[PDB]
Each structure stands twice: as C-alpha cells, then as structure tokens.
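For reference, the chain that follows is the form deposited in one PDB entry, supplied as structure tokens.
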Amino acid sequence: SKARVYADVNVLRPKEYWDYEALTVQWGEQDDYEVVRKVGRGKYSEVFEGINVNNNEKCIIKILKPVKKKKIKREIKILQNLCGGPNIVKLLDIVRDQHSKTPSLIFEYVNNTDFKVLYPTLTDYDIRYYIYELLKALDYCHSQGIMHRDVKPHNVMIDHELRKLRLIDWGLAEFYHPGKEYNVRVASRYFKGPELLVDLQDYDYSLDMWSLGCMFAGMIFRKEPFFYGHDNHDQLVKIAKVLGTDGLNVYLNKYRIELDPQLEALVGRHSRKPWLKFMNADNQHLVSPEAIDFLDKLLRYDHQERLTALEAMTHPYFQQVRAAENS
C-alpha cells in the first residue's frame, strides 16, 4: 500500500527536511516566558497558559517531561516544517532550563472553548465553515509529507468569536515514506481507523481522513463519540455494526489480513446501517443529503477509497463556504 497523493514528497526534499534525528536547535531565551496557570496535563507534557514578559502577550507553554530525545526532535522538526501553514498552530519559540535542560515549546495563544460546551451551540453553517478550515490544515500537512495521526475535537482549538481554528498537538505526527511500516499505537481509540485496528502498518495520510470522519459524524448527529468502543477490539465491532461486515471482509481479503480468530468471532456478521437512521428531531437542522454523502465518502474501510483532504474541499457540502471566500 502506498499513498494516492503526496507519496514522494520526502524523496524530493533535502534529507535535512525529514531527518529529524539530525536536528540541532537554536535555543531561545528561557527568561522571556513565564508560566501562569495549568491547562493540564500530560504523560509527557504539561501545558500551561503563559506570558511573554517583553510584550505581555499570552502564550501557551508545553513543558516536555523528560523525554525521549527522538520524539522531542520529531515534534520540533515537524512544527518548524509546518510553521506558517493555514490553520496550523504556530511554534513561536523553543527554550530550555540552562541546567536541567528541560525544554518548553512556546505556542501562539488561542482563546479556545472546549468542544463539549462549544459544539452544542454550532449552526449548520458553523460546522461547514470549521470542517473546511480543518481540511485546509490537513491538506497543507499532507502536502508537506506529514501525517497528523491524532485528529480529534480535543486537538482542534477554536476561538469562536474570531472564527479562528488551529490543529494542535503534533506529538504523534510522522513523516510519510512509501512502504514504511508504522506504529499502529496512534490516534485516540474512538478515532482509530480500521487500518490501526487490523494492524495494517503501511498506512498513510488517509488515516487522518477516517479520524476527521468520526469527528464529523459526532458533530452532525450529536452522537459523541460516534464509534464508542470499550477497548480496541470492541472499537472494530462498533464500526462493523454500522458499515456492515461485507465491506470489512472485502477489505481484509484485499490487503491479505486475517483477524485473530477471537476478534473475528467478536465482530460477527452485520448489515450496513443507513446513515439516515442517526438523524432525529434534536439534530435534523445539522443533517442534509450533502452532509451524509460527505460523511459516507470519508468513513470507508479501505483507506485508498477515502476522500483526500483536497478532494474533500471540493464537496458540495462546502459550496456556501467557498462562495463567501470570494472577492
């Protein structure tokens, strides 16, 4: 399996672009930034609201609990490579304690409203608008040879007053190299693509499109999380009860995958459930034939069949958003 789009990006670019293990950092002034309060909490990180003590502007400060040098370098190099791209969080500085050398990444501040509060207030047009903004970010990182691998509402900062969206938390992100077999312990359970759940290791940018689909379904139907599995095995079961097992069996056969017999028995046999069965009186103002058709073109077992971020942006569901972005 190889990516349909952007497959050879990292071949064409200089080795220094993607060879993050070779990164040297030019460390900024640690004293320029102070930590004000915790916005919590990592496993390696803690994140804080901070202040730039020069201009008094707010920032966000992520202190990287000490840390495999390799993953720190990966995150920094990716952030540097993407800085300036549309709707990508901006890494403003990189500093560290002169003695313990504890690094802190310094980000632009976004006045976020948590999705559990914000999403219930969004209109039909608001969802269209923000999903389009998110697709800009994904097409950009993909075009730059990078997979995000942790798309979810928790990683999408929105300042609703400012109509401003940023994709954050690039700590799971990776460079795409054709035929490379990646770690499947990526993304959050409810957002894991079928490829991760069946251990198809040579996945690509299209993983982010499945995740985006899960998020989208949650938003338009108000069923969050949309695929609500109790463990990684049950996650595949929940997906199967909706898309149906016919498509799952064809997918497994195509990529020459055989499920562990235990997981096969758990999945069972199911018919496809039509998307309209999720519509109800509470969510019907967010649901349209174009929303359903867009959803349907993202949530495919076969990662090769999913819309690319670029293709997604051409979907009729976005027609009014594109119309306003006009002179």
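For clarity, a rigid core is taken as the largest C-alpha set superposing within 1.5 Å between two forms. Sequential numbering from 1, following the sequence displayed.
If you look for the form solved in complex with a partner chain, you will not find it shown, but the lines that follow are about it.
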- Query: Counting only heavy atoms and a 4.5 Å cutoff, which of 238-246, 96-104, 208-216, 79-87 contacts the partner chain in the deposited complex?
  - Reply: 96-104
- Would you kindly say which of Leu259, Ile63, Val287, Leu298 lies with a heavy atom within 4.5 Å of the partner chain in the deposited complex? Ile63
- Query: Taking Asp124, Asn232 and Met279 as a possible spot, do all three reach the partner chain in the deposited complex with a heavy atom inside 4.5 Å?
  - Reply: no
- Message: If we define contact as a non-hydrogen atom of the residue within 4.5 angstroms of the partner, is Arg185 a contact of the partner chain in the deposited complex?
- Response: no
- Query: Would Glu161 sit within 4.5 Å of the partner chain in the deposited complex, counting heavy atoms only?
  - Reply: yes
- Task: May I ask you to check whether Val36 falls inside a 4.5 Å heavy atom distance of the partner chain in the deposited complex?
- Result: yes
- Task: Examine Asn283 and determine whether its closest non-hydrogen atom to the partner chain in the deposited complex is within 4.5 angstroms.
- Result: no
- After aligning the rigid core, which of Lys116, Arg256, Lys101, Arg185 is the one whose Cα travels 2 Å or more between the shown form and the other one? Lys101
- Per-residue C-alpha change between the shown form and the other one, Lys43, threshold 2 Å, rigid core fit: yes
